[PDB]
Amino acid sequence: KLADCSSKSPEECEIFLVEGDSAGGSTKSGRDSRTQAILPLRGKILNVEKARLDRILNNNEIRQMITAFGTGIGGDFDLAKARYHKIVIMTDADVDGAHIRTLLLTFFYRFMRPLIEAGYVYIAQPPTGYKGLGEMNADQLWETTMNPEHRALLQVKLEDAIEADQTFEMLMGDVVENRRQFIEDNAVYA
């Protein structure tokens, strides 16, 4: 379901990973088609912290993201073959949008950690509110999140490696109890 750009110049190229076929249409129409690609995701993606490798590799979502990035995975990861020096994550800005972001970040950290370290990974800042991405025209997506001169993109900084490891394990792994205790400790029911 990928829709690529014209430029073969990875430095200037950017790929947007969006939530829902619904919003994929909109962003497909409002972008700069020359240097901006788009790949829509059907809802919740696989959580690679729990899944084993066979299942990760047969999953189409994962597949489409590896192919479009063109760096390979694990040991075979080659940053030189980066097709975009900006991979940008774009979700609804609700609690489900959050969850989808955590899944994508988990995938990158466990399978494409150098992308993060190389700073190629960004997070989009769409307009917050009651409305989500599927309920927006193509012009109001350009002007707020895809227009370079107007948007504000948060780059993803990886610093303490071991802290990131234990965080991903705790928040996304199969042991529930550590998750539960984390929620209890930090849950601020306003």
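In case it trips you up, residue 1 is the first one in the sequence shown, and so on.
Comparing 72 to 80 with 99 to 107, the higher mean C-alpha B-factor in the PDB entry belongs to 72 to 80. Taking the PDB entry as given, 127 to 135 carries the higher mean Cα B factor of the two stretches 59 to 67 and 127 to 135. Remark: of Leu46, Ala161, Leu153, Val121, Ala161 shows the highest value [criterion: C-alpha B-factor in the PDB entry]. When the CA B factors of the chain's modelled residues are split into thirds, the value for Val188 lands in the highest one. Annotation for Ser9: C-alpha temperature factor in the highest third relative to the rest of the modelled chain, per the entry. Placement of the Cα temperature factor of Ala51 within the chain: lowest third of the modelled residues, per the deposited record.
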